[PDB]
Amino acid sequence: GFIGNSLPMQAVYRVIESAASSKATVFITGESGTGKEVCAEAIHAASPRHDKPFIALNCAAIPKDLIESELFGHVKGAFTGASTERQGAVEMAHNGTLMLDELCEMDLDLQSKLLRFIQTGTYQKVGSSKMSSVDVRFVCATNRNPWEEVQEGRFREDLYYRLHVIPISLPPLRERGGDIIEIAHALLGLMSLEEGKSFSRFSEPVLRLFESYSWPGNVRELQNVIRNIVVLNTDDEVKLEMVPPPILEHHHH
């Protein structure tokens, strides 16, 4: 799902291709908005497991006390709101790839259970005593510094060294050269389709601004900017006056 042939991304692509044939755990880091799930899916797609499921568990989009239920499943009646027997992400990912996204959101109790599961493949549904097992290839990702999280006692040390086998550091958007405009063009067409518009090009000032702006929010911020432009304007061409703040203002500091 990655777009672009920039020098730093081509190093990423080589690691993805080599790692895909291995079952070794991948640990993706990088600034917010750099494409960790895109990277995780690309590893799966290049792997011999590509025809099996790819499952992403976003530990941030879930309350911390419910990550275990989302990960391992639960039986009906396990806790108060357990109206149904839920199948965990580990079961959805059996014979495939499981992405543990924003993994550092797990509490230390769940990190202990996860350490067990990563070693043995065994787990229990929440509220159940029965042991089960699955075969998943792990891909971990976080926007925190996984090492600082270990130092501040927030992440298990033995868990870190079990997961940090194949690290991948995604480059920030500002360092990806021609990728910025290529991604911007893809977003322009897609958001035009989503909004019923027909933008097809960027004016030269907009291209210069996009290529020199630091994009602290990376591709997420670029998505915001393109959506802002397409929603608020109707034209074939993106003009400089359409670019929202703080793009020009913070670019000059």
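Note that residue numbering begins at 1 and tracks the sequence as displayed.
Remark: stretch with higher mean C-alpha B factor among 218-226 and 64-72 is 64-72. Per the PDB record, of the two stretches 32-40 and 54-62, 54-62 carries the greater mean B-factor over its C-alpha atoms. Going by the entry's values, 77 shows the largest Cα B-factor out of 172, 167, 77, 177. Among 135, 182, 158, 101, the highest C-alpha B-factor in the deposited entry belongs to 158. In the PDB entry, residue 212 places in the lowest third of its chain by CA B-factor. Residue 122 sits in the middle third of its chain by CA B factor, as recorded in the PDB entry. Sorting the modelled residues of the chain by their CA temperature factor places residue 200 in the middle third. When all modelled residues of the chain are sorted by CA temperature factor, residue 139 is found within the lowest third. For residue 93, the recorded CA temperature factor ranks within the lowest third of the chain's modelled residues.
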